[PDB]
Amino acid sequence: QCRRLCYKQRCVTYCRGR
């Protein structure tokens, strides 16, 4: 499962595989 991490007026998609 992939979760999005938003920080500093920003948003990016993250994945356990990464």
# chains A, B, ... in the order shown; residues from 1 in each chain; ligands from 1
call {"tool": "residues_around", "arguments": {"residues": "residue 1 (chain A)", "least_positions_apart": "2", "cutoff": "7 Å", "atoms": "only C-alpha atoms", "output": "CSV table (one decimal) with N, CA and C atoms, in the first residue's frame"}}
result
chain,number,residue,atom,x,y,z
A,3,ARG,N,1.2,5.4,0.5
A,3,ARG,CA,0.6,6.5,1.2
A,3,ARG,C,1.2,7.8,0.8
A,15,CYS,N,5.6,4.7,-1.3
A,15,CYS,CA,5.3,3.3,-1.3
A,15,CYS,C,6.3,2.4,-0.5
A,16,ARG,N,5.8,1.4,0.2
A,16,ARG,CA,6.6,0.6,1.0
A,16,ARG,C,7.8,0.0,0.2
call {"tool": "select_by_dssp", "arguments": {"residues": "chain A", "states": "strand (DSSP E or B)", "output": "NGL selection string"}}
result
:A and (2-6 or 11-15)
call {"tool": "decode", "arguments": {"residues": "chain A", "atoms": "C-alpha atoms", "output": "JSON list (two decimals), in the first residue's frame"}}
result
[["chain", "number", "residue", "atom", "x", "y", "z"],
["A", 1, "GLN", "CA", 0.00, 0.00, 0.00],
["A", 2, "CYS", "CA", 1.13, 3.44, -0.95],
["A", 3, "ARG", "CA", 0.58, 6.52, 1.22],
["A", 4, "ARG", "CA", 0.90, 10.21, 0.37],
["A", 5, "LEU", "CA", 3.13, 12.36, 2.58],
["A", 6, "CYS", "CA", 2.44, 16.09, 2.51],
["A", 7, "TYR", "CA", 4.97, 18.49, 4.04],
["A", 8, "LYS", "CA", 5.76, 22.17, 3.51],
["A", 9, "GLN", "CA", 2.77, 22.98, 1.30],
["A", 10, "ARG", "CA", 3.76, 19.94, -0.76],
["A", 11, "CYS", "CA", 2.39, 16.46, -1.47],
["A", 12, "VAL", "CA", 4.11, 13.31, -2.73],
["A", 13, "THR", "CA", 3.20, 9.65, -3.14],
["A", 14, "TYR", "CA", 5.17, 7.05, -1.18],
["A", 15, "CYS", "CA", 5.26, 3.25, -1.34],
["A", 16, "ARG", "CA", 6.64, 0.59, 0.99],
["A", 17, "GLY", "CA", 8.51, -0.84, -1.98],
["A", 18, "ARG", "CA", 10.45, 2.41, -2.36]]
